[PDB]
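Taking the form deposited in one PDB entry, here's one chain by itself in structure tokens.
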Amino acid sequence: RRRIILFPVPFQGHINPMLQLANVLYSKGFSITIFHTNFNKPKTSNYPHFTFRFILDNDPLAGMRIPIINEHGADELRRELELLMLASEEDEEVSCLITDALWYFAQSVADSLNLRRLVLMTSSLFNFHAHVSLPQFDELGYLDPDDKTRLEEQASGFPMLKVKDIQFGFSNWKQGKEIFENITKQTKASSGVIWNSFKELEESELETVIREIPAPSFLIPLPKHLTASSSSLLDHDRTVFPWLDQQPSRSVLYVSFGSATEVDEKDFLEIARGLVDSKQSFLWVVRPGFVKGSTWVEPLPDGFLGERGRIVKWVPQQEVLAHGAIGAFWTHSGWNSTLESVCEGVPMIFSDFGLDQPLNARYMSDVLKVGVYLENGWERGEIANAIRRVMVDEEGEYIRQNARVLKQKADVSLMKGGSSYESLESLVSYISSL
């Protein structure tokens, strides 16, 4: 009997994957302790088989906890580790810790303890290519936002990307590679690295991973394993499932934009019209506090759709995406939502609110070819001409085709004698054989 220590980052896009992995690992035999701040704590009654430890705070702007924890957490993380290693019975040794990547400082703490740390990568191999070649991007001044980026113009080497992708996708040059420097470092210094993906999804970046990571990396599509429904930090309105049933097959555009994202009153209305203008049935989730200078959706006028679509606060998305009523998904190019998509097999409109969303958008658009990327902000014509495109237009059947070829591949992964299948037997072997 052997304990894994997991340690998410307490934001939905990190919780979601980290606990899915937790569930898959309990399956295969391991005791499971979870480190988590008291901030954004998930519902624990949902996870009766996991032991939970709250730390670091036992008495978009919220994402500063990450850097604040990194520098000031070390000595608190080490304490609780040692506690847990101590109290552990003769017959329940801790095999390993498994953190988010952004916990780049656990590796010193673990190092200091001699415990070995594995890493959960909540974004893609491509993402991690980007960060690897960042000192290559400083040179060309892609990280410089003073002058300009060239028009639909390829960066360097084998540029599946463009300079905008990086420009906006690394639009925190104000802080700079100071952070990402270590994340990449602290990924490579690791005893292993679990990728939320499968082998056909990113086969070009395998090399990038097998080059830079001396430790074995293991390729694991979590959504295909199990749904992340019971780590939702917000309450699901399930009143959408009885509806969808009464939409005809593939006539609903799902529309989620992350768990953090904010928009102006101007754009929210803009986003609004485009959806009507497209003349399609669409379920559109809107967080509580999504629109700025408002609480929920006061900005919405009366007499917009009403029959075709309905707004909601929050839903169990994977469960949604898997409904036939679904035809596409207006993502924000967050990775889980993006990955969920491929695995349930739905084509997507893209967007980017920085960080990683262009990167994701880019090589989901062009490489795989499973979506349409509004590069150029928000126009009520374009948006409707992306949605019509993917959904109705006869000029996106190659989008719809590819978006479901890739799904069968995923099932094949998890079918015995398949990448993901073997990767999990291996990961499992890699945890035990320690």
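Rigid core here is just the name for the largest C-alpha set that superposes within 1.5 Å across the two forms. We number the residues from 1 along the sequence you see.
Beyond the structure shown, there is the form deposited in another entry, which is absent from this document and is the topic of what follows.
K.L.:
After superposing the two forms on their rigid core, pick out the one entry in 84, 325, 96, 286 with a CA shift of 2 Å or more between this form and the one not shown.
P.N.:
So the residue whose C-alpha moves 2 Å or more is 84.
K.L.:
Is there a C-alpha shift of 2 Å or more at residue 251 between this form and the one not shown once the rigid core is superposed?
P.N.:
It does not reach a 2 Å shift.
K.L.:
C-alpha of residue 214: shift of 2 angstroms or more between this form and the one not shown, rigid core aligned?
P.N.:
Shift at residue 214: below 2 Å after core fit.
K.L.:
Look at residue 355 and decide if its Cα position differs by 2 Å or more between this form and the one not shown after superposing on the rigid core.
P.N.:
Comparing forms between this form and the one not shown, the residue 355 CA shifts at least 2 Å.
K.L.:
Comparing against this form, do residue 354 and residue 289 have their CA atoms pulled together or pushed apart in the other form? The difference is 3 Å or more.
P.N.:
Compared with this form, residue 354 and residue 289 lie closer in the other form.
K.L.:
Flagged pair residue 176/residue 194: C-alpha distance shifts by 3 angstroms or more in the other form. Which direction, closer or farther?
P.N.:
Their C-alpha distance shrinks by at least 3 Å in the other form.
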